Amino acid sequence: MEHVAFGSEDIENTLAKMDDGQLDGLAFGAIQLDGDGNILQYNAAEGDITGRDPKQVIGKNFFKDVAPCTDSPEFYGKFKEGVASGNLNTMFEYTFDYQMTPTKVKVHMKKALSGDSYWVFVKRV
């Protein structure tokens, strides 16, 4: 697999280089979202965790369509404050419970090195 640790101080630079095939080699789940919350990249691990087919969920909206349980102050709200502000670096625990067995995970949200995109990283706790 590709060699990146979850929570890494420099991780948005490491991932800048990665295409989707290479994203699927991470030991953790990775979503790339535009400033409107639309999914642009969605890695195999995230599929293993949540049970979605990444190919199919690219292009859908994370907060409206795919993961409405994250539509709340304590996830989306933090997401949008960061898009509003041009800056976003937060880590927290959450339970994913929409159309799946309830699964507690660690979420890390970080502004990408790209122009207007943001990362969401996920792993089991």
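Heads up, when I say rigid core I mean the largest set of C-alphas that superpose within 1.5 Å between the two forms. Sequential numbering from 1, following the sequence displayed.
Q: May I ask which stretch, 26 to 34 or 59 to 67, sits farther from the shown form in 9 other deposited structures of this protein once every structure is superposed on the core, judging by RMS CA distance?
A: This comes out as 26 to 34, the stretch further from the shown form in 9 other deposited structures of this protein.
Q: When the C-alpha temperature factors are averaged for each of 54 to 62 and 69 to 77, which stretch ends up with the higher value in the entry?
A: Higher mean C-alpha B-factor: 54 to 62.
Q: Which has the higher mean CA temperature factor in the PDB entry, 97 to 105 or 16 to 24?
A: Comparing averages over the C-alpha atoms only gives 16 to 24.
Q: Maximum C-alpha temperature factor per the entry, among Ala84, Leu88, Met91, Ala45, belongs to which one?
A: Checking the PDB record, the top C-alpha B-factor among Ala84, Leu88, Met91, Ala45 is at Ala84.
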